[PDB]
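First comes one chain, alone, set out as structure tokens in the form deposited in one PDB entry.
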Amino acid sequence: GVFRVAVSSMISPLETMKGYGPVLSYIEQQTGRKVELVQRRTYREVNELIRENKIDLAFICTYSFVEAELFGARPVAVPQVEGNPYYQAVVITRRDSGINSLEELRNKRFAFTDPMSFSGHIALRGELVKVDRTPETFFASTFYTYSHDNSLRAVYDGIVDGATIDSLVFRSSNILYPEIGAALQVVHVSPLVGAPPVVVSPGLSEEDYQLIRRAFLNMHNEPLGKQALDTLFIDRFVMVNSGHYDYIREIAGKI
């Protein structure tokens, strides 16, 4: 049958099929199966498609992966970006705010991305356990933007006092958008975590799992695979190291 690949529609609005097109063509080449792109606004909805075996493969966030593993989602491979199969969250404020630390955001307005994002939510919910607080009992108000880009924009425009976003989104935005760049500062960085594993649904056969894993790990050695990687701003796919996610697994237990 069709091979269904699920992604969030909010990471790159209007540019999702443009971004994923080449890698879907690569999956078609390596599997011989017609590929359908399945989009949802929320990572909660993407995880429910995986749980119910309504899709074969998904590009999900790192906290989504820690939840999806409990219902038998299997990691395929991990993207290596800027030479690292790992990353962190950054907390950003305006240089002119007088808010120069995570601590000084107490009783301030804060933006998260998707509730199931590590770099956009769970990193900060986890760290606040240190002082027996939650976002709701630490910040004056919280808002879920479902977008690293839109959280960065809300800090820039002064709508919120702070946000947590992916480090590469921030550093790339600083280059692309020079004025937003000069207005913003990183005041806090999270611990390191593994890059989000590409996953398959629990229903997939062991032969299909091995075929897909080998295709992802070999993608950088195939001409179409190289085009797919360049388009996604990924160096290559490397083998999953389960230990890379243990900080997130521990946070999940502490809520």
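Think of the rigid core as the biggest set of C-alphas that the two forms share within 1.5 Å after superposition. In this text, residue numbers run from 1 along the sequence as written.
From this point on, the text means the form deposited in another entry, which you will not see here.
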- With the core superposed, find the residue in 195, 198, 229, 187 that moves its CA 2 Å or more between this form and the one not shown. 229
- Any CA movement of 2 Å or more for residue 49 between this form and the one not shown, core superposed? no
- Message: Given a superposition on the rigid core, I'd like a yes or no on whether residue 247 shifts its C-alpha by 2 Å or more between this form and the one not shown.
- Response: no
- Query: On a core-based superposition, does residue 173 travel 2 Å or more at its Cα between this form and the one not shown?
  - Reply: yes
- residue 124 and residue 12: do their C-alpha atoms lie closer or farther in the other entry than in the form you see, with a change of 3 Å or more? farther
- Compared with this form, is the residue 18-residue 111 Cα separation smaller or larger in the other entry, the difference being 3 Å or more? closer
